[PDB]
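Engineer: Sending over a structure as structure tokens; questions will come in a sec.
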Amino acid sequence: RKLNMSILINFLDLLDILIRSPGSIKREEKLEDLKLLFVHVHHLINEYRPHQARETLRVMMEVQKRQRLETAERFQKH
Amino acid sequence: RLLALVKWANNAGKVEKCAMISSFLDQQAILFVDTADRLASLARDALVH
């Protein structure tokens with residue numbers, strides 16, 4: 001939530017820092033800075049996937065028990 | 001020809017001003033596109049990785 005405002009404000013600050021100083025070197029560090037920010041969002045977002053991956057595992061264990069009971073009861077009925 | 005040269009000799013200021021102004025814009029023009037290119041390059045390659 002904090003990173004989003006910063007990249008956006010920088011985008012807006014990079015828009016007018018060109019006019020405030022065209023020949024200044026800091027514009028390419030801002031792009032790089034922008035690139036660094038891009039490296040960060042993807043890096044931070046990827047944090048969720050391992051936890052997400054773990055959740056997928058539980059249903060497989062869970063669904064079979066939901067399936068095995070049905071087979072046993074059906075067999076008993078037959 | 002010599003007379004034309006020596007008449008233009010004092011009229012070498014405004015042409016130089018126009019030339020340097022055009023170069024400034026041209027020099028600047030390479031810079032805006034380069035920045036745009038960098039942004040374009042990053043989306044295409046950095047995002048994918």
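If you're wondering about the labels, chains in the structure tokens are A, B, ... by order shown, residues count from 1 in each chain, ligands from 1 in order shown.
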Compute the chain B side of the contact with chain A at 9 Å, counting only C-alpha atoms, and hand it back as an MDAnalysis selection string.

Structural biologist: chainID B and resid 28 31:32 35 38:39 42 46:47

Engineer: Store the residues picked out above, limited to N, CA, C and O atoms, as a PDB file, in the first residue's frame.

Structural biologist:
ATOM      1  N   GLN B  28      18.270  17.008 -26.902  1.00  0.00           N
ATOM      2  CA  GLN B  28      17.209  16.679 -25.972  1.00  0.00           C
ATOM      3  C   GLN B  28      16.357  15.577 -26.576  1.00  0.00           C
ATOM      4  O   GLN B  28      16.120  14.574 -25.929  1.00  0.00           O
ATOM      5  N   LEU B  31      17.416  12.204 -25.878  1.00  0.00           N
ATOM      6  CA  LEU B  31      17.143  11.887 -24.476  1.00  0.00           C
ATOM      7  C   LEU B  31      15.702  11.454 -24.184  1.00  0.00           C
ATOM      8  O   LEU B  31      15.521  10.440 -23.510  1.00  0.00           O
ATOM      9  N   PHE B  32      14.676  12.183 -24.646  1.00  0.00           N
ATOM     10  CA  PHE B  32      13.343  11.677 -24.339  1.00  0.00           C
ATOM     11  C   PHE B  32      13.050  10.286 -24.894  1.00  0.00           C
ATOM     12  O   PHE B  32      12.478   9.446 -24.201  1.00  0.00           O
ATOM     13  N   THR B  35      14.769   7.543 -22.861  1.00  0.00           N
ATOM     14  CA  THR B  35      14.067   7.250 -21.618  1.00  0.00           C
ATOM     15  C   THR B  35      12.860   6.366 -21.911  1.00  0.00           C
ATOM     16  O   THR B  35      12.591   5.410 -21.186  1.00  0.00           O
ATOM     17  N   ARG B  38      13.986   2.875 -22.661  1.00  0.00           N
ATOM     18  CA  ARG B  38      14.354   2.152 -21.451  1.00  0.00           C
ATOM     19  C   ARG B  38      13.108   1.606 -20.772  1.00  0.00           C
ATOM     20  O   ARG B  38      13.088   0.462 -20.318  1.00  0.00           O
ATOM     21  N   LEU B  39      12.060   2.420 -20.715  1.00  0.00           N
ATOM     22  CA  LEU B  39      10.811   1.979 -20.106  1.00  0.00           C
ATOM     23  C   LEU B  39      10.234   0.822 -20.911  1.00  0.00           C
ATOM     24  O   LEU B  39       9.764  -0.167 -20.346  1.00  0.00           O
ATOM     25  N   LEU B  42      12.319  -2.359 -20.326  1.00  0.00           N
ATOM     26  CA  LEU B  42      12.064  -2.958 -19.020  1.00  0.00           C
ATOM     27  C   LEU B  42      10.776  -3.769 -18.987  1.00  0.00           C
ATOM     28  O   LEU B  42      10.741  -4.868 -18.435  1.00  0.00           O
ATOM     29  N   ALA B  46      12.419  -7.134 -18.187  1.00  0.00           N
ATOM     30  CA  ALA B  46      12.464  -7.207 -16.726  1.00  0.00           C
ATOM     31  C   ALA B  46      11.211  -7.819 -16.112  1.00  0.00           C
ATOM     32  O   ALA B  46      11.294  -8.607 -15.171  1.00  0.00           O
ATOM     33  N   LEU B  47      10.051  -7.457 -16.649  1.00  0.00           N
ATOM     34  CA  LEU B  47       8.785  -7.967 -16.140  1.00  0.00           C
ATOM     35  C   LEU B  47       8.657  -9.480 -16.297  1.00  0.00           C
ATOM     36  O   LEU B  47       8.152 -10.166 -15.410  1.00  0.00           O
TER      37      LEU B  47
END

Engineer: Please return as a ChimeraX atom specification: the residues of chain B that backbone DSSP assigns to alpha helix (DSSP H).

Structural biologist: /B:2-8,13-41

Engineer: Between B:49, B:1, B:19, B:43, which one has atoms that come closest to residue A:46, using only C-alpha atoms?

Structural biologist: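 Among the listed residues, the smallest separation from residue A:46 belongs to B:49.
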
Engineer: Find, counting only C-alpha atoms, the residue in A:3, A:53, A:66, A:13 that gets nearest to residue A:36.

Structural biologist: A:3

Engineer: Rounded to one decimal place, report the atom CA of residue A:2-atom CA of residue A:45 distance in Å.

Structural biologist: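 So the answer is 13.6 Å.
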
Engineer: For atom CA of residue A:20 and atom CA of residue B:24, quote the distance in Å rounded to one decimal.

Structural biologist: 15.5 Å
